[PDB]
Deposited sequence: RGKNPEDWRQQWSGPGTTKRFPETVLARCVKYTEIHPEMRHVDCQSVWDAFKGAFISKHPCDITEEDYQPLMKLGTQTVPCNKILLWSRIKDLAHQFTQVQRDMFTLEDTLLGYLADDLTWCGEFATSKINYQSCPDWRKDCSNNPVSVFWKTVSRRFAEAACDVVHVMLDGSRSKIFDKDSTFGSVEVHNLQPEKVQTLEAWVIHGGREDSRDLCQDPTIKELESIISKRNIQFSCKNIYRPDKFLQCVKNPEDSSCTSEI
């Protein structure tokens, strides 16, 4: 008998991949040059192997968190929601700005799936828990929750956030941003959350869910700002 989850399994070559990503990142970001990637992988693995893939906690990821400590300039943070492809394109241009995935820990896991199983050191390449159908506390979900929190707490000055203007929910309170990030911005260091709405011809800052974002933020004594981005590709140049 082998247990079958609703979600897709661990990505093939996942151990080999994460390790290789760590080696590459260290090579190209000179300040990380002396990070031990085998120790980093071992701490990643350590967080989820031999554990039921539904009893994962944030503490499990702390050994890895500590190894992948990176405090980027907090005034240079770019958050995003659902519209990740464009946000990375952006930081591949501006290049002083940072999304989570341009940090080591996020770079290591972006687009990847992993999970283990109780009591053995094996990795499940056949399936992993679905956040909806099976478990909210899986290894992937707990990973992003944990780093999303630390990332957003770090932030300062003006934090900019990208949102998708073709979605029915421009701001989703149940997304990683609406659920974890927004609530961890510190009023001490963050003055403004500036929202960018990307039109994938009318003013989408008026939107109800944007107005709802304005409420969450306003109640943290942080100022809110919203700008339409009519022609997206034109923004990429005019930066």
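* To do: Compare what was deposited with what's modelled and send me the C-alpha-less stretches, numbered from 1.
  => Missing C-alpha atoms (numbering from 1) occur across the ranges 1 to 7, 208 to 211, 251 to 262.
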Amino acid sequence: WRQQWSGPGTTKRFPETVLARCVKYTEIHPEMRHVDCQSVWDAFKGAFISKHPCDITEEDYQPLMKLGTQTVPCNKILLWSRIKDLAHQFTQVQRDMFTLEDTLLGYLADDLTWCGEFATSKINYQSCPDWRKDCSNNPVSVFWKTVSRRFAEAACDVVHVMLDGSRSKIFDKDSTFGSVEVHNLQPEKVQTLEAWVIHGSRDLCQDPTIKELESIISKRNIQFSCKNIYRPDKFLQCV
From here on, numbers count along this sequence of modelled residues.
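* To do: Using only the Cα atoms and their B-factors as the entry lists them, report which of 226 to 234 and 10 to 18 averages higher.
  => Here the higher of the two C-alpha B-factor means belongs to 226 to 234.
* Asked: Hey, which bit's got the bigger mean C-alpha B factor in the entry, 38 to 46 or 203 to 211?
  -> The deposited B-factors put 203 to 211 ahead on the C-alpha mean.
* Asked: With respect to the C-alpha temperature factors reported in the PDB entry, which of 76, 150, 122, 167 ranks highest?
  -> If I rank 76, 150, 122, 167 by C-alpha B-factor, first place goes to 167.
* Considering only modelled residues of the same chain, in which third does the CA B-factor of residue 103 rank: lowest, middle or highest? -> It belongs to the lowest third of the chain when residues are ordered by C-alpha B-factor.
* Asked: When the modelled residues of the chain are sorted by Cα temperature factor, does residue 145 land in the lowest, middle or highest third?
  -> Within its chain, residue 145 is a lowest-third residue by C-alpha B-factor, going by the deposited values.
* Among the chain's modelled residues, which third holds the C-alpha B-factor of residue 111? -> Bottom third by C-alpha B-factor.
* **Chain-relative CA temperature factor third for residue 93** => Its C-alpha B-factor, which the entry lists for residue 93, ranks in the highest third among residues of this chain.
* Looking at the C-alpha B-factor of residue 130, is it in the lowest, middle or highest third of its chain? -> Middle third by C-alpha B-factor.
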